[PDB]
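Report on the following structure.
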Amino acid sequence: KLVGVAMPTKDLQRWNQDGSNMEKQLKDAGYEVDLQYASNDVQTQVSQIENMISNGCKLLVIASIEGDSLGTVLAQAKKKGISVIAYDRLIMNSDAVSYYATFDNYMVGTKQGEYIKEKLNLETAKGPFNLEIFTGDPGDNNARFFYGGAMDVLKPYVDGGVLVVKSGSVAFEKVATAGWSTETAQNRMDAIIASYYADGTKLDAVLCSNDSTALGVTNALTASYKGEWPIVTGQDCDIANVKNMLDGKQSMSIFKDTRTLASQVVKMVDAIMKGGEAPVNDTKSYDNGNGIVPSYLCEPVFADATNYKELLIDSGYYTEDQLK
Ligand SMILES: OC[C@H]1O[C@@H](O)[C@H](O)[C@@H](O)[C@@H]1O
Ligand SMILES: [Cl-]
Ligand SMILES: [Cl-]
Ligand code: NA
Ligand code: NA
Ligand code: NA
Ligand code: NA
Ligand code: NA
């Protein structure tokens with residue numbers, strides 16, 4: 001009854017909660033757990049999964065750093081009859097993936113796009129408004145979905161000249177942030193401020209696909225930008241970002257309750273290991289390159305400073321001390 005749980009890094013906040021919640025809920029359900037974090041190093045994650053298999057893990061729950069990097073080791077699991085659940089991020093180009101548990105990532109993107117569209121009055125305004133864009137790591141299939149959802153809302157207005165991206169970086173490849181790194185985002189935003197918004201130009205919005213990139217952006221804006229504060233989006237309700245929202249430095253975030261995701265994954269583990277139907281609610285949205293992966297999509301929730309206490313504190317997700 002040993003289950004392996006592979007998380008990408010502790011340096012991006014949520015995975016600390018994902019891993020802890022997985023471990024707690026698996027142990028409550030009667031499993032033994034081998035939980036490991038890979039410091040966002042792909043070869044480390046590969047070696048950790050190899051070791052889980054060697055230690056006799058009967059099922060693998062994997063939150064991959066790079067979606068297409070695990071093909072060899074997952075073939076080993078498949079050969080041994082070990083089921084694989086892709087956790088939050090989809091594992092790509094492998095026929096070894098049994099199930100996928102995540103939040104509705106396209107909807108996350110939609111919400112971020114619609115927020116900017118609403119606050120900039122794009123349905124009725126001539127503009128132009130100045131936009132910059134920061135998305136996630138190109139090896140994370142989720143980043144494609146966050147970008148795609150937001151762009152499906154906003155791209156028509158960029159095409160129409162209502163939104164202007166002064167840096168010229170609009171394409172996914174140009175706006176992706178390696179490792180979802182706060183520091184990398186900060187360095188790029190600093191260069192964009194210095195090059196394009198050091199004169200009187202107002203930066204009206206920054207579409208950030210998550211909180212770690214938003215944090216880098218707001219760090220740079222604090223340091224170097226002298227104009228009226230832009231719309232800044234995000235996702236995860238990281239503690240640093242919630243505190244920034246309380247100080248007016250981030251507009252909104254998206255709350256994804258990792259306890260709920262973990263609960264759904266343990267239902268899948270139980271179905272596989274003890275018997276039953278693994279819960280799924282989508283076998284149409286996520287093709288991993290080998291084919292459709294049966295998925296369970298949890299609902300993401302809009303958060304801002306007017307509902308964060310109800311969402312995060314009254315729900316028991318954070319303690320009140322954490323947000324001081
Ligand atoms: O950790 C960086 C990002 O990774 C994505 O795959 C997750 O869906 C996000 O919730 C997270 O902010
Ligand atoms: Cl780590
Ligand atoms: Cl750029
Ligand atoms: Na933890
Ligand atoms: Na690393
Ligand atoms: Na509006
Ligand atoms: Na089953
Ligand atoms: Na179902």
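By order in the structure tokens, chains are A, B, ...; within a chain, residues start at 1; ligands start at 1, following the order shown.
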Item to check | Residues within 9 Å of segment 24-41 of chain A, only C-alpha atoms, excluding chain neighbours under 3 positions, as a ChimeraX atom specification | outcome: /A:1-11,15-16,19-21,44-46,48-49,52,55,57,65-66,179,259,262-263,266,269-270
Next on the checklist: Neighbours of ligand 7 at 7 Å or closer, counting only C-alpha atoms and all ligand atoms: which residues, as a PyMOL selection string?
Outcome noted: chain A and resi 271-278
Item to check | Neighbourhood of ligand 6 at 8 Å, counting only C-alpha atoms and all ligand atoms, reported as number ranges by chain | outcome: A: 117-123
Would you write out those residues with C-alpha atoms, as a short mmCIF file (atom, residue, chain, number, x, y, z; two decimals), in the first residue's frame?
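Written out: out-v4.cif:
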data_model
loop_
_atom_site.label_atom_id
_atom_site.label_comp_id
_atom_site.auth_asym_id
_atom_site.auth_seq_id
_atom_site.Cartn_x
_atom_site.Cartn_y
_atom_site.Cartn_z
CA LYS A 117 -11.36 43.19 -20.19
CA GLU A 118 -13.86 44.36 -17.53
CA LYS A 119 -11.53 46.75 -15.70
CA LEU A 120 -10.26 48.34 -18.93
CA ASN A 121 -13.83 48.64 -20.27
CA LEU A 122 -12.68 47.02 -23.51
CA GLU A 123 -16.23 46.45 -24.77
#
Next on the checklist: I need the residue nearest residue 135 of chain A from this list: A:68, A:190, A:211, A:159. Use only C-alpha atoms for the distance.
Outcome noted: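 Once distances to residue 135 of chain A are computed over only C-alpha atoms, the minimum belongs to A:211.
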Next on the checklist: Counting only C-alpha atoms and all ligand atoms, which residue out of A:116, A:96, A:178, A:208 sits closest to ligand 5?
Outcome noted: A:178
Next on the checklist: So that I can check the surroundings of residue 108 of chain A, please list as a PyMOL selection string every protein, DNA and RNA residue that reaches within 12 Å of it, counting only C-alpha atoms and ignoring chain neighbours fewer than 5 positions away.
Outcome noted: chain A and resi 102-103+113-115+142-153+208-210+233-236+252-256+297-303
Checklist entry - Among segment 89-288 of chain A, which residues carry a DSSP assignment of strand (DSSP E or B), reported as a ChimeraX atom specification? => result /A:99-103,129-135,163-164,176,205-208,231-232,253-255,282,287
Item to check | helix (DSSP H, G or I) call set, DSSP backbone run, segment 259-302 of chain A, as a list in words | outcome: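 Taking segment 259-302 of chain A and keeping helix (DSSP H, G or I) gives residues 259, 260, 261, 262, 263, 264, 265, 266, 267, 268, 269, 270, 271, 272 and 273 of chain A.
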Write the residues of the preceding selection, restricted to C-alpha atoms, as a compact mmCIF listing (two decimals), in the first residue's frame.
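result_12.txt, written as the output of this step:
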# COMPACT_ATOMS: atom_id res chain seq x y z
CA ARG A 259 -6.85 20.23 -0.20
CA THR A 260 -9.70 19.59 -2.63
CA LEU A 261 -7.38 18.53 -5.41
CA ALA A 262 -5.60 16.15 -3.01
CA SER A 263 -8.97 14.75 -1.92
CA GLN A 264 -9.92 14.00 -5.53
CA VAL A 265 -6.58 12.32 -6.16
CA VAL A 266 -6.96 10.08 -3.09
CA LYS A 267 -10.40 9.06 -4.43
CA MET A 268 -8.62 8.01 -7.65
CA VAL A 269 -5.96 6.11 -5.67
CA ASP A 270 -8.66 4.31 -3.72
CA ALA A 271 -10.54 3.45 -6.91
CA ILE A 272 -7.39 2.01 -8.45
CA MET A 273 -5.93 0.27 -5.39
Next on the checklist: So that I can check the surroundings of residue 133 of chain A, please list as a PyMOL selection string every protein, DNA and RNA residue that reaches within 7 Å of it, counting only C-alpha atoms and ignoring chain neighbours fewer than 3 positions away.
Outcome noted: chain A and resi 170+175+206-208
Selection file, C-alpha atoms, as an mmCIF file, in the first residue's frame:
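selection36.cif, freshly written:
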data_model
loop_
_atom_site.group_PDB
_atom_site.id
_atom_site.type_symbol
_atom_site.label_atom_id
_atom_site.label_comp_id
_atom_site.auth_asym_id
_atom_site.auth_seq_id
_atom_site.Cartn_x
_atom_site.Cartn_y
_atom_site.Cartn_z
ATOM 1 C CA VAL A 170 2.804 38.688 -27.228
ATOM 2 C CA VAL A 175 6.197 35.863 -22.689
ATOM 3 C CA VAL A 206 0.025 43.220 -16.674
ATOM 4 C CA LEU A 207 -1.451 39.826 -17.429
ATOM 5 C CA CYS A 208 0.403 37.446 -15.137
#
Checklist entry - Within 8 Å of ligand 3, counting only C-alpha atoms and all ligand atoms, which protein or nucleic acid residues do you find, written as a PyMOL selection string? => result chain A and resi 167-169+174-175+188-189+191-192
Expected file contents, prior selection, C-alpha atoms, as an mmCIF file, in the first residue's frame:
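Written out: selection20.cif:
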data_model
loop_
_atom_site.group_PDB
_atom_site.id
_atom_site.type_symbol
_atom_site.label_atom_id
_atom_site.label_comp_id
_atom_site.auth_asym_id
_atom_site.auth_seq_id
_atom_site.Cartn_x
_atom_site.Cartn_y
_atom_site.Cartn_z
ATOM 1 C CA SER A 167 7.574 45.508 -25.710
ATOM 2 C CA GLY A 168 6.108 43.657 -28.701
ATOM 3 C CA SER A 169 6.155 40.369 -26.757
ATOM 4 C CA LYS A 174 8.207 35.445 -25.923
ATOM 5 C CA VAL A 175 6.197 35.863 -22.689
ATOM 6 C CA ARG A 188 12.302 41.007 -17.422
ATOM 7 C CA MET A 189 9.793 43.525 -15.992
ATOM 8 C CA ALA A 191 14.040 45.776 -18.428
ATOM 9 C CA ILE A 192 10.602 46.460 -19.878
#
Next on the checklist: As an exercise, work out the distance from atom CA of residue 140 of chain A to atom 5 (C, counted along the ligand's line) of ligand 1 in Å and give it to one decimal place.
Outcome noted: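 Separation of atom CA of residue 140 of chain A and atom 5 (C, counted along the ligand's line) of ligand 1: 6.8 Å.
Nearest-residue note for ligand 1: choosing from A:227, A:67, A:316, A:81, the minimum distance belongs to A:67, counting only C-alpha atoms and all ligand atoms.
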Checklist entry - Any idea what's packed within 8 Å of residue 280 of chain A, counting only C-alpha atoms, ignoring anything in its chain fewer than 5 positions away? Could you give it as a list in words? => result residues 294, 295, 296 and 297 of chain A
Hey, can you spit out that residue selection with N, CA and C atoms as a tab-separated table (two decimals), in the first residue's frame?
chain	number	residue	atom	x	y	z
A	294	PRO	N	-8.25	10.64	-19.18
A	294	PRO	CA	-9.44	10.90	-18.36
A	294	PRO	C	-9.07	11.78	-17.19
A	295	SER	N	-9.82	12.87	-17.02
A	295	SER	CA	-9.45	13.92	-16.07
A	295	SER	C	-10.54	14.31	-15.11
A	296	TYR	N	-10.12	14.80	-13.96
A	296	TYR	CA	-11.03	15.48	-13.04
A	296	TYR	C	-10.57	16.90	-12.92
A	297	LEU	N	-11.45	17.83	-13.28
A	297	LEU	CA	-11.17	19.26	-13.22
A	297	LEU	C	-11.93	19.89	-12.06
Next on the checklist: Give me, as a PyMOL selection string, all polymer residues having an atom no more than 7 Å from residue 218 of chain A, counting only C-alpha atoms and skipping those fewer than 4 positions away in the same chain.
Outcome noted: chain A and resi 214+222+249
Got time to write the residues from that selection, N, CA, C and O atoms, as a PDB file, in the first residue's frame?
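The resulting file, result-v1.pdb, is shown below:
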ATOM      1  N   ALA A 214       3.595  37.204 -10.948  1.00  0.00           N
ATOM      2  CA  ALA A 214       3.071  38.490 -10.497  1.00  0.00           C
ATOM      3  C   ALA A 214       3.934  39.129  -9.419  1.00  0.00           C
ATOM      4  O   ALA A 214       4.083  40.360  -9.374  1.00  0.00           O
ATOM      5  N   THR A 222       7.447  48.209  -8.080  1.00  0.00           N
ATOM      6  CA  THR A 222       7.740  48.942  -6.849  1.00  0.00           C
ATOM      7  C   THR A 222       9.086  49.635  -6.945  1.00  0.00           C
ATOM      8  O   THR A 222       9.234  50.808  -6.570  1.00  0.00           O
ATOM      9  N   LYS A 249      -1.302  46.278  -4.271  1.00  0.00           N
ATOM     10  CA  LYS A 249      -0.256  46.064  -5.277  1.00  0.00           C
ATOM     11  C   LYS A 249      -0.566  44.931  -6.265  1.00  0.00           C
ATOM     12  O   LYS A 249       0.107  44.778  -7.265  1.00  0.00           O
TER      13      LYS A 249
END
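As for atom CA of residue 243 of chain A and atom 2 (C, counted along the ligand's line) of ligand 1, they are spaced 18.4 Å apart.
Atom CA of residue 217 of chain A sits 8.5 Å away from atom CA of residue 187 of chain A.
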Checklist entry - Using only C-alpha atoms, which residues sit within 8 Å of residue 99 of chain A once same-chain residues fewer than 2 positions away are excluded, as an NGL selection string? => result :A and (84-86 or 97 or 101 or 293-295)
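The smallest atom-to-atom distance between residue 239 of chain A and any of A:181, A:281, A:212, A:124, using only C-alpha atoms, is found for A:212.
The residue that comes closest to residue 305 of chain A, out of A:237, A:215, A:90, A:245 and on the basis of only C-alpha atoms, is A:245.
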